Every structure is written in structure tokens, then in C-alpha cells.
């Protein structure tokens, strides 16, 4: 049998791994760094999973942080042009969740909104949770319920595979007030 160095050999992992062992090990490797998970930012930070939240609080002060299982994510200025990201952190149940709203032309010439929640944590940890995103309006409601994505998999892929709440600009306007959009986010465990 042939063995390959771990993905994280450069950051200190000395294990040599067989093809039957390699991906499971790399999910849990103690020498695994995570990139800064904030979308739309040019940040080169690399650190262990339990340092991510501290980094977001110190270096990304535009990201608002709210406490509790049931919050309002107020995305201001939804009529801004081009690709825009709104990011907020929600802290509940001893964990931290990143709430993302992104406006972009995923399909050419069609600006849409994408909303998703990601756990600062592993896939396995994320399976213990579910979340609900709710746009509430004048006799209308639009809801997405799912399992939060892990930082392992990231924001961008979810958006690309429409595995998130997707809505037209017109829909955002049905729910908006004062040029802002309030999104109710509930985390369940």
C-alpha cells in the first residue's frame, strides 16, 4: 500500500495516510487551518476553528453580532447597485452562526438575493441544528428551512447550487421597508 502526506503537513501534521483514511482524517486534523469565512472581503487570515469568531469580532467590525435563537437580520440599503454582501453573526446554544445575504447576477442580467446560514463548526456539529429564514410582510411570507452549512463547505458553493433561500429583487421590495429588508432568523436544536 502507498501512503500520502496529510493536506496539512506544511502546518505540522506528520501523518502519512492511505486512500481509505485520508479524507476522514483531514476533516478532523488538529493542524487544519480555516480561511476567514466572511464573503466579499479580501482577508488572508488563517486559523484554527475555535479562533474564527474572535477574528470576526476584532477585524470585521462591520459585521453586527446579535445574541439569541430568534433574531431580526436587518439588511440596510438593498437598492445599492451591483454585487453586495450583508453579513451578521448570531450567537446561540454555545455556537456561532454566520448569516449571509448576497445580491448578485448568478444568471446573466438577473440580479437576485441569496440568503443562507452557516455554522462556525464542522459538518457533524451542523447536523445538530436547523434554521428558518422568514421574510414577513403585508399579508405575505416567504420561508426557507434547512440545516446550516458548515464552514467546511462555505457560502459560495451553496449559492451556486441554489441550496439556500433565493428571491427576486421584486420579492425583496414586497418585504422591504425604508429601503431595508428585515429577515427573521430562528435557530433550532
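Residue numbers count along the first chain shown, from 1.
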Exercise for the section: Decide which of the stretches 111-119 and 80-88 has the higher mean C-alpha B-factor, going by the entry. Expected result: 80-88
Completion exercise
Comparing 128-136 with 152-160, the higher average Cα temperature factor in the PDB entry belongs to 152-160
Exercise for the section: Place residue 10 in the lowest, middle or highest third of its chain's C-alpha B-factors, as listed in the PDB entry. Expected result: middle
Problem - Chain-wide C-alpha B factor ranking for residue 57, given as lowest, middle or highest third - result: highest
Handout entry: Third of chain Cα B-factors occupied by residue 37
Key = middle
Exercise for the section: Rank-wise, by C-alpha B-factor, drop residue 188 into the lowest, middle or highest third of its chain. Expected result: middle
Exercise for the section: Could you look up the Cα B-factor of residue 26 in the entry and say which third of the chain it sits in: lowest, middle or highest? Expected result: highest
